[PDB]
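Participant:
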Amino acid sequence: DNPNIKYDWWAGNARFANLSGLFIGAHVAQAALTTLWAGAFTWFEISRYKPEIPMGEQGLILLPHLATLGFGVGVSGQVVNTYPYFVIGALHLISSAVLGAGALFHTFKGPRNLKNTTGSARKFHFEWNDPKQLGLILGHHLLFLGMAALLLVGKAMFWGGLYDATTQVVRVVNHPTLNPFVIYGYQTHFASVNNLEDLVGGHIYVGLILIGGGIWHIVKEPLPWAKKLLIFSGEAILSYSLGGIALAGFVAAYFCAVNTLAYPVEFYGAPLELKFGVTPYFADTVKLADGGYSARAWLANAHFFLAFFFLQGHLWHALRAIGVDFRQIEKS
Amino acid sequence: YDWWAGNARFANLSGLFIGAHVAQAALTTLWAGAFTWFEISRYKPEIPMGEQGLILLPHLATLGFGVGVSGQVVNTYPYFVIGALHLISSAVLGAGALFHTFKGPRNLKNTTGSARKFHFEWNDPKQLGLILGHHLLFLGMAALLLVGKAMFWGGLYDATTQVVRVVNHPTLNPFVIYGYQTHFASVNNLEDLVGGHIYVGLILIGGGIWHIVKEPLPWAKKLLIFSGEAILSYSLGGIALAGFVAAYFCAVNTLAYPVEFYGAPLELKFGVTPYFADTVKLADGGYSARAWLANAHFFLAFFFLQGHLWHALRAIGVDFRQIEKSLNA
Amino acid sequence: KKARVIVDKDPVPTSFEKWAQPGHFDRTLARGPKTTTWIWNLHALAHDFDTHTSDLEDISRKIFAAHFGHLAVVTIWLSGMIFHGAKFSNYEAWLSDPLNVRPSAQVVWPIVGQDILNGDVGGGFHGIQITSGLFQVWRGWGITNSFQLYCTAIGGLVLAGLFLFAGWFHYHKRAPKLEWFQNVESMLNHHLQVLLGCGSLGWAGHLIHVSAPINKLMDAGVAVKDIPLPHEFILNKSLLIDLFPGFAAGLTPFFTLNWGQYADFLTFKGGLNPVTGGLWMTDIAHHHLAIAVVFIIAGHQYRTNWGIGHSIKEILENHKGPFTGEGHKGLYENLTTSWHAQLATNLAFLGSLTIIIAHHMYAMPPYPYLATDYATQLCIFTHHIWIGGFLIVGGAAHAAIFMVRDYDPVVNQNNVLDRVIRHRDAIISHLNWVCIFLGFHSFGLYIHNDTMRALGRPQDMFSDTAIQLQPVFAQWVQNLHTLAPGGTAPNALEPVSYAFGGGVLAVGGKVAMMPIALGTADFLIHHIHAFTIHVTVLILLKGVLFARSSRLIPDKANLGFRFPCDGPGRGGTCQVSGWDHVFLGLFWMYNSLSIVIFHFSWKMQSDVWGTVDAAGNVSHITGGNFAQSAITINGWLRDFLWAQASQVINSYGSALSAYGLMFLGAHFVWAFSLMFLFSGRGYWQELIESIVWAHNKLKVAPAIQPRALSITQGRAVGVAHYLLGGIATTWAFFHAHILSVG
Ligand code: CLA
Ligand code: CLA
Ligand code: CLA
Ligand SMILES: CC1=C(/C=C/C(C)=C/C=C/C(C)=C/C=C/C=C(C)/C=C/C=C(C)/C=C/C2=C(C)CCCC2(C)C)C(C)(C)CCC1
Ligand SMILES: CC1=C(/C=C/C(C)=C/C=C/C(C)=C/C=C/C=C(C)/C=C/C=C(C)/C=C/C2=C(C)CCCC2(C)C)C(C)(C)CCC1
Ligand SMILES: CC1=C(C/C=C(\C)CCC[C@H](C)CCC[C@H](C)CCCC(C)C)C(=O)c2ccccc2C1=O
Ligand code: SF4
């Protein structure tokens, strides 16, 4: 592998791979775009939402997620209040604007290298080979995700409560499922979640361990065992992430398909059946007419196919991480 | 070798030989896993399961996996979980395949330590016996898994009374097993089949353990040739026989294939070639599942016999000179 | 040597710099504008790549990249047509009721009162009625909903994207070397076997698996919603078996040569499906299968990398005889060193093919509900005749450009090309004569007839009721083709076309196709066609044969392909260049094809098209007036132009008003052209001097000095507006007429 390799426009985003400032800029931009999608299409679905006729078939894939969190619903998915959706749509849109401003800052205005900007790798600088600061980055990111899980626990315990399909109403959980004998029990009984306290207790156990994982990943450096097994290369850590997201996508797609509580069924179609032809896919049940395909069918299939292509991403980038150059493979 | 004979280049080697075969295994498990879901999706509850083109789901249904009475098949979930398990096994085997090929070393001369560890040579008759040995042990265990499935892990479907039944009386006394050297392919009771695989298993582990501890006798060295092309030819011969026997069992045997999950009768007709055509002339399509599994494996067995001949003619020497200079003389 | 992929990497760096440098590509234009002639020259030379660079490799790369560009714009266009079909059409209504609903896929915006153009086209839809036959194409494709068109349109936009990328990539990034381009044997192999052979096999696949079943159900009167989706015929075999029992046999009959087992879905019926009045899908299926096999076989002729095969050079070199000296020796070098020699050939033969397509598509309407759509029939015939005629004249132009620029005496000494140059006086003198003979004994008969009719002497006319000129040979050929099924084509049920004979075939109330009887009016008009084609060839052939030199200008090749003259000397040498022969050939091509489409229009309306009574009596659109009227110019003026122009001139305040405006607009553009053709540069430059004086007087004189158009541009602008105006007039005429009566 030559050191001064130059990539074409189509592989042009591989050029800032190492760098420092453009790495922040490119990812804060994706975050701004992700929040912009979350914010703007809230207003799209509010405008396109008809009160009458069940809101499975109207192509709503964002508002049902809010309605699942017991967010201006009422009884049997009647949906009384539209204002709370607009405010969330506005909040994610203003978060998009500030993230977008922060993105263009770090790319153009800010420095293109962080070697002498902040002071050290501990401050905000990062290097791919060094297993010390990238553990700190992983650490604080797990802390934020851990906190983000405890926000949902907050929304369950005190802040309105979540919608249940058991009695078809917004209910407040006041008995979270502790005793991880059931959590280990749910290693086989997953995707058959039939009570909200079990789900809340699940995210409590995820959260308190994710903070516990986070805090540990800052204070300690990986063992020579880790260095020997896993490769500390920007392409390698990308491949591990692509693998991690692929699994998450496939699992999420399955929960979306089979689970009837985490998606309360009345806001969607309800059942999804795994059929295989050329690929595996969750087609539809009761053949939703007057349009085609329920919101559940979209969330299940889209994330399954995305998960499959992210698996092809893992393979591609992982084969390039180990040291397979495809150029000399097509030459002989 | 040319591009078309390009896979003969790593014939000797070491690492790519593991990689190429663990890949085929990953592909075989992927076929076993993915087409389970295909046949589940293509299975219609109405219409008897024979003409629906199902050649994988009937094998599961034969093992008494959510069947009920007279092959009514109430439960589809047990098929899905097996389909998922073989598919995840395919993913890990596929990952393990491309590891040993690309990431892992292209030679095991200094990798593992010795020929006993994981290295192999074709000429040396000591480690290839150890490989054969452990493979017979695994097949021996795989036979005792079916015995497990029979004895109290659900039980297997019988076509005698058309239900899932648990066997609790395996056929011992090999006077009947030697009796079944002529009465084979007319197996009408499941205890005889279970007792058969018990006798196969206990001898196959007994064969396995003997092949590892001992090296072939100079008699073997004198008769059989220790060449990669020769051992391939012996394997092609072994698979050809297996394929012809399996094709016959599929055709005539009425228990190991429970009849209602398939067509039921197959008659051996000969025109230009032997083939198991069909009985009752299956209409609204053509050919039952049994007809496909019988004929496909018979023809595969015949071409694998032509494979034995072809590779065995090259086994006696190299024969890459003797094919061209055959007529150039 | 061996055909192989060999490219230069990053030959031309991609940058907008040269986009900001108009005329960068020519050394003369690069200096910048001084006069307004520069602005014209920029556009005139833009795609003349031979003048950009001398390097044949760089020219070949530019041509290869430009083609990806032209494929991208054609794909954008085809995607647009299909998208407009998906979104802004009554296609789904038209499927439900083909005979009553009028195809429309262009909706006008309500502004300045132009919404009047959104007429009642049926299927509760308001839009411009389309005459492109897209609905009949999509029905033939087996498309039954708007979603299938949306998918196809998007698929097209992705293919157009890919074609753009390809063109950028294969120029800026990985440009093939001249070696690659000059593999004519490999190119012919791949283009015969894959492009045509596998394309035809692929299409046979679609016809056999999708089109034939879906069309068979639609012809059986099954509702569009009730018809299964095209993939259901593959996934559910039972549905396909019910329509075509031959599929029961499976693929074994194909491999065991028991091909009769497919006789139900691979037919040789002939004639037309009586439901739709189009060719049978099963005949079309077998055609494309048979075509595919012949092409895949044909494209194994030329030697590539394995010794087996012909070298085209050796074939050409071996074809010489006692009249033709060295024969076809040196022509391989002409066709592999000159792009103009290839463009000449390909324009001449693609142009000739497009005219064959025009004829074959009206007589054997291949699409369902085309034959009875008289508006579509007239328009696609006329369209493809015009495209054909332009391409042929292009062939002649680029033949002349080759002779001036790329012709080598050394390569072409005593070969067929050299020897035609040496008797070019004998060729052109004889062609001159046959043109005058045909002119007198074709047009002179019309003038004879006009005069006899005018003098009250109809008995003295050339007519069926007077002095007959029966086209006995064409009459004899019609009979042979009518007797073919059962006789010299035993396994044909009907004739290839009902035009040759057999019965009147009728769909709805209307005639799909019936026998086109030939008499004196058909003899006369055919000898007019022969005349107008021979005169066009005289002009174009004279252009190519005298491009390099003549008895007048010996060094004409030095003056080039496109020069206005060599001055008023030698009596005057105006329009001697090969370019000027193309200019004159365009008017004659226009004159020729005008009479071809007029012939078609009137003959079909008088003798073929019309309504059919329950008893079976055919009432034609113009009641068989062709036989007695089309034998005088007065009859053409009165019974064709005057009579059938009533619809276009009376179209104002209706949905056809646009054609009335186009009709006048086109008459205007045509007349405007006469300013350029009849006048000369000298007058206009002197007028511009006085206008420039006034701009100078008020200090608004432009730095880029105004110039009158070049002598050549004057002629180019002349013939452009003449053809545009003339053709557009007939276009507006044909539409307004046939969208009313047809
Ligand atoms: C996308 C960006 C891009 C850029 C920046 C360049 C840049 C360049 N190109 Mg490349 N090229 C590209 C894409 C690009 N190209 C593509 C997609 C193709 C395939 C067609 C090519 C094929 C190509 C060829 C064959 C050549 C170049 C050349 C060049 C150089 C000079 C071009 C010039 O100045 O004319 C700018 C011209 C325009 C802006 C006009 C564009 C005309 C388009 C292609 C067609 C429009 C059709 C449209 C429907 C209009 C119809 C009629 C209208 C009335 C409706 C310049 C470095 C030339 C060169 O290197 O010479 C030294 C050269 O010969 N390019
Ligand atoms: C595949 C077909 C094809 C290709 C690739 C070429 C390529 C070429 N031609 Mg050939 N040619 C063709 C077909 C083709 N031609 C046909 C069909 C004819 C018969 C008309 C000709 C007759 C011809 C002549 C007489 C000449 C060429 C020349 C050339 C060369 C320069 C062209 C140029 O720079 O145009 C630049 C483009 C323009 C000036 C604009 C043209 C616009 C036309 C006149 C009107 C378009 C109206 C449109 C149909 C309706 C819209 C109206 C509306 C906008 C109002 C180039 C090698 C020239 C040459 O010198 O060869 C070396 C040359 O003198 N061609
Ligand atoms: C109506 C308009 C008109 C007419 C009648 C002609 C006639 C002719 N053109 Mg011309 N042409 C025209 C428009 C016309 N052109 C236009 C607008 C252009 C610009 C593009 C041209 C450009 C052009 C070119 C480039 C060429 C021609 C050629 C010809 C001649 C073809 C040979 C022929 O048919 O002779 C037969 C004569 C006729 C058909 C004319 C009518 C004959 C009458 C009916 C018979 C005579 C009656 C009677 C005896 C009259 C005398 C008696 C009286 C004195 C008492 C022919 C003389 C070609 C040529 O010369 O090749 C041979 C040629 O190459 N023309
Ligand atoms: C070396 C080589 C080769 C070979 C290779 C191979 C053959 C491979 C294999 C591989 C493989 C063989 C792989 C596999 C994979 C798999 C996968 C990818 C899977 C996945 C799965 C999933 C995704 C799942 C999921 C799920 C479940 C589990 C349940 C629920 C539902 C769902 C669906 C979600 C070739 C010849 C090419 C070339 C040369 C070299
Ligand atoms: C319309 C359109 C479109 C579409 C199209 C398409 C969709 C196409 C496709 C196409 C296709 C889909 C095709 C295909 C084809 C195929 C082929 C061509 C094949 C062949 C084959 C062969 C040749 C065979 C051979 C063999 C073998 C292999 C073995 C045995 C023997 C034999 C010989 C039989 C688009 C979107 C673009 C847009 C525009 C328009
Ligand atoms: C009329 C005529 C002219 C005069 C016509 C000329 C000079 C053409 C000029 C017309 C164009 C349209 C001028 C365009 C000027 C600007 C580009 C317009 C700018 C404003 C727009 C942006 C609106 C000739 O030069 C000529 C030459 C040889 C034979 C016959 C004739 C001939 O008949
Ligand atoms: S009139 Fe025009 S074309 Fe004729 S010689 Fe004079 S300048 Fe040349």
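Protein chains in written order, with PDB author numbering: chain 5, 5 to 336; chain 4, 11 to 339; chain A, 11 to 752. Even for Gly, the Cβ is constructed at its ideal location relative to N, Cα and C.
Within the same chain, show all residues whose beta-carbon is closer than 6 angstroms to that of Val262 (chain 4), passing over the 5 residues directly before and after it, in chain order.
Facilitator: Position 252 of the second sequence, counted from the start, is the residue given in the question as residue 262 (chain 4). Within the same chain, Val262 (chain 4) has close Cβ partners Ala195.
Participant: Given that a residue counts as buried once 16 or more other Cβ atoms are within 10 Å of its Cβ, and exposed if not, what is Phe162 (chain 4)?
Facilitator: Translated into positions along the second sequence, residue 162 (chain 4) becomes position 152. Looking at its Cβ environment, which holds fewer than 16 other Cβ atoms inside 10 Å, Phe162 (chain 4) is exposed.
Participant: Using a beta-carbon distance cut-off of less than 9 angstroms, what residues from the stretch 274-297 of chain 4 approach chain A?
Facilitator: Residues passing the 9 angstroms Cβ filter: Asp294, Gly295, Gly296.
Participant: Under 8 angstroms, with one C-beta from each stretch per pair, do the stretch 358-366 of chain A and the stretch 398-412 of chain A reach the 3-pair mark?
Facilitator: Yes, since at least three Cβ pairs between the stretch 358-366 of chain A and the stretch 398-412 of chain A fall closer than 8 angstroms, the two stretches touch.
Participant: Distance cutoff 9 angstroms, beta carbons only. Does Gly79 (chain A) sit that close to anything in chain 4?
Facilitator: Within the third sequence, numbered from 1, the residue matching residue 79 (chain A) stands at position 69. No, its Cβ sits nowhere closer than 9 angstroms to a Cβ of chain 4.
Participant: Starting from the C-beta of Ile86 (chain A), find all residues in its chain whose C-beta is less than 8 angstroms away, skip the five residues before and the five after it, and write them out in chain order.
Facilitator: The sequence position of residue 86 (chain A) within the third sequence is 76, counting from 1. Here the set comprises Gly166, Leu167, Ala170.
Participant: Check whether the stretch 673-693 of chain A touches the stretch 723-733 of chain A, counting contact only when three or more Cβ pairs, one atom from each stretch, lie closer than 8 angstroms.
Facilitator: Short answer: they touch.
Participant: Specify the secondary structure class of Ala516 (chain A) as computed by DSSP and reduced to three states.
Facilitator: To locate residue 516 (chain A), count along the third sequence from 1; it is residue 506. The answer is strand: DSSP assigns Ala516 (chain A) an E or B state.
Participant: Check whether chain 4 comes within 9 angstroms of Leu319 (chain 5), counting only Cβ atoms and requiring the distance to be less than that.
Facilitator: The residue you call residue 319 (chain 5) lines up with position 315 of the first sequence. It does: the Cβ of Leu319 (chain 5) has a partner Cβ on chain 4 nearer than 9 angstroms.
Participant: At the level of alpha carbons, what is the spacing between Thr283 (chain 4) and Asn305 (chain 4)?
Facilitator: Mapped onto the second sequence, residue 283 (chain 4) falls at position 273. Mapped onto the second sequence, residue 305 (chain 4) falls at position 295. Their backbone Cα atoms lie some 11 angstroms apart in a straight line.
Participant: In this structure, does DSSP put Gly675 (chain A) in helix, strand or coil?
Facilitator: Locating residue 675 (chain A) in the third sequence gives position 665, where the first residue counts as 1. The answer is helix: DSSP assigns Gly675 (chain A) an H, G or I state.
Participant: Under a three-way DSSP split, which group does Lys279 (chain 4) fall into?
Facilitator: Taking the first residue of the second sequence as 1, we reach residue 279 (chain 4) at position 269. Correct three-state label for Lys279 (chain 4): strand.
Participant: Would you check if the distance between the CB atom of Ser100 (chain 5) and the CB atom of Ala152 (chain 5) is smaller than 9 angstroms?
Facilitator: On the first sequence, position 96 is the one that residue 100 (chain 5) refers to. On the first sequence, position 148 is the one that residue 152 (chain 5) refers to. Not a contact, by the Cβ cut-off of 9 angstroms.
Participant: Near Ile222 (chain 5), which residues of its chain fall below 8 angstroms by C-beta distance, leaving aside the five closest residues on each side in sequence?
Facilitator: What you label residue 222 (chain 5) is simply residue 218 of the first sequence in a count that begins at 1. Answer for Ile222 (chain 5): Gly139, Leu140, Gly143, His144, listed in chain order.
Participant: Looking at ligand 3, does it come within less than 8 angstroms of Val234 (chain A), judged from the CB to the closest heavy atom?
Facilitator: The residue you call residue 234 (chain A) lines up with position 224 of the third sequence. For ligand 3, not one heavy atom lies less than 8 angstroms from the Cβ of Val234 (chain A).
Participant: What residues from the stretch 214-248 of chain A come within 7 angstroms of chain 4, judged by C-beta to C-beta, listed N to C?
Facilitator: Listed by position, the residues of the stretch 214-248 of chain A near chain 4 (Cβ gap below 7 angstroms) are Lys247, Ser248.
Participant: May I ask which residues mark the beginning and end of the alpha helix (DSSP H) holding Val751 (chain A)?
Facilitator: Here residue 751 (chain A) refers to the residue found at position 741 when the third sequence is read from its first residue. Counting along the chain, the alpha helix (DSSP H) containing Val751 (chain A) begins and ends at 721-751.
Participant: Could you check the C-alpha separation between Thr264 (chain 4) and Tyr53 (chain 4) for me, to the nearest Å?
Facilitator: Taking the first residue of the second sequence as 1, we reach residue 264 (chain 4) at position 254. Taking the first residue of the second sequence as 1, we reach residue 53 (chain 4) at position 43. The alpha-carbon atoms of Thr264 (chain 4) and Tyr53 (chain 4) are separated by roughly 22 angstroms.
Participant: From the beta carbon of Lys224 (chain 4), is the nearest beta carbon of chain 5 less than 9 angstroms away?
Facilitator: The sequence position of residue 224 (chain 4) within the second sequence is 214, counting from 1. It does not: the Cβ of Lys224 (chain 4) has no partner Cβ on chain 5 nearer than 9 angstroms.
Participant: Indicate, with yes or no, if ligand 4 has a heavy atom lying under 8 angstroms from the CB of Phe309 (chain 5).
Facilitator: Indexing the first sequence from 1 puts residue 309 (chain 5) at position 305. Result no, Cβ not under 8 angstroms from ligand 4.
Participant: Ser298 (chain 4): buried (16+ other C-beta within 10 angstroms of its C-beta) or exposed?
Facilitator: Position 288 of the second sequence holds residue 298 (chain 4). Buried.
Participant: Any beta-carbon of chain 5 closer than 9 angstroms to the one on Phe90 (chain 4)?
Facilitator: The residue you call residue 90 (chain 4) lines up with position 80 of the second sequence. Closer than 9 angstroms to some Cβ of chain 5, the Cβ of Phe90 (chain 4) qualifies, so yes.
Participant: Does the CB of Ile249 (chain 5) have a neighbour CB from chain 4 at under 9 angstroms?
Facilitator: Counting from 1 along the first sequence, the entry for residue 249 (chain 5) is found at position 245. Output row for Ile249 (chain 5): interface = no.
Participant: Under 6 angstroms Cβ to Cβ from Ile631 (chain A), same chain only, skipping five residues before and after it: list those, please.
Facilitator: Within the third sequence, residue 631 (chain A) is the residue found at index 621, counting from 1. Here the set comprises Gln615, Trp619, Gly620, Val751.
Participant: Give me, in chain order, the residues of the same chain whose beta-carbon lies closer than 6 angstroms to that of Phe20 (chain 5); leave out the 5 immediate sequence neighbours on both sides.
Facilitator: Translated into the one-based positions of the first sequence, residue 20 (chain 5) becomes position 16. Within the same chain, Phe20 (chain 5) has close Cβ partners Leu26.
Participant: Could you spell out the range, first to last residue, of the alpha helix (DSSP H) harbouring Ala185 (chain A)?
Facilitator: To locate residue 185 (chain A), count along the third sequence from 1; it is residue 175. No alpha helix (DSSP H) holds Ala185 (chain A); the beta strand (DSSP E) holding it covers 184-186.
Participant: Residues in its own chain within less than 8 angstroms of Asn17 (chain 5) by CB, not counting five upstream and five downstream?
Facilitator: Here residue 17 (chain 5) corresponds to residue number 13 of the first sequence, with the count starting at 1. Around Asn17 (chain 5): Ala30.
Participant: Against chain 5, which members of the stretch 39-59 of chain 4 pass a CB distance test of less than 9 angstroms?
Facilitator: Residues passing the 9 angstroms Cβ filter: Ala44, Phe45, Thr46, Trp47, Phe48, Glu49, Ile50, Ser51, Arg52.
Participant: Return the CA-CA distance between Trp302 (chain 4) and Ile322 (chain A), expressed in angstroms with no decimal places.
Facilitator: For the purposes of this step, residue 302 (chain 4) is identified with residue 292 of the second sequence, where counting begins at 1. For the purposes of this step, residue 322 (chain A) is identified with residue 312 of the third sequence, where counting begins at 1. Cα-Cα distance, rounded: 50 angstroms.
Participant: Applying a beta-carbon distance threshold of less than 9 angstroms, which residues of chain 5 neighbour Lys119 (chain 4)?
Facilitator: Here residue 119 (chain 4) refers to the residue found at position 109 when the second sequence is read from its first residue. The premise fails here: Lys119 (chain 4) is roughly 21 angstroms from chain 5 at the closest Cβ pair, so nothing lies under 9 angstroms.
Participant: In terms of residue numbering, what span does the beta strand (DSSP E) encompassing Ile431 (chain A) cover?
Facilitator: The residue given as residue 431 (chain A) occupies position 421 in the third sequence. Premise fails: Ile431 (chain A) lies in the alpha helix (DSSP H), 426-432, not in any beta strand (DSSP E).
Participant: In chain order, what residues of the same chain lie with their CB nearer than 7 angstroms to the CB of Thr162 (chain A), ignoring the 5 residues before and after it?
Facilitator: Locating residue 162 (chain A) in the third sequence gives position 152, counting from the first residue. So the list reads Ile92, once near-sequence residues are dropped.
Participant: Indicate, with yes or no, if ligand 2 has a heavy atom lying under 8 angstroms from the CB of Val592 (chain A).
Facilitator: Position 582 of the third sequence holds residue 592 (chain A). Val592 (chain A): yes, Cβ under 8 angstroms from ligand 2.
Participant: For chain 4, find out if any of its Cβ atoms is closer than 9 angstroms to the Cβ of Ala258 (chain A); answer yes or no.
Facilitator: By one-based count along the third sequence, residue 258 (chain A) stands at place 248. So yes, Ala258 (chain A) belongs to the interface.
Participant: Run down chain 5 in chain order and give the residues with a C-beta less than 9 angstroms from the C-beta of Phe112 (chain 4).
Facilitator: In the second sequence, counting from the first residue as 1, residue 112 (chain 4) sits at position 102. Chain 5 residues near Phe112 (chain 4): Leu323, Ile326, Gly327, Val328.
Participant: Does DSSP classify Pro108 (chain A) as helix, strand or coil?
Facilitator: As a first step, residue 108 (chain A) is located in the third sequence; it is residue number 98 there, counting from the start. Looking at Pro108 (chain A) - three-state DSSP - the assignment turns out to be coil, as it is neither helix nor strand.
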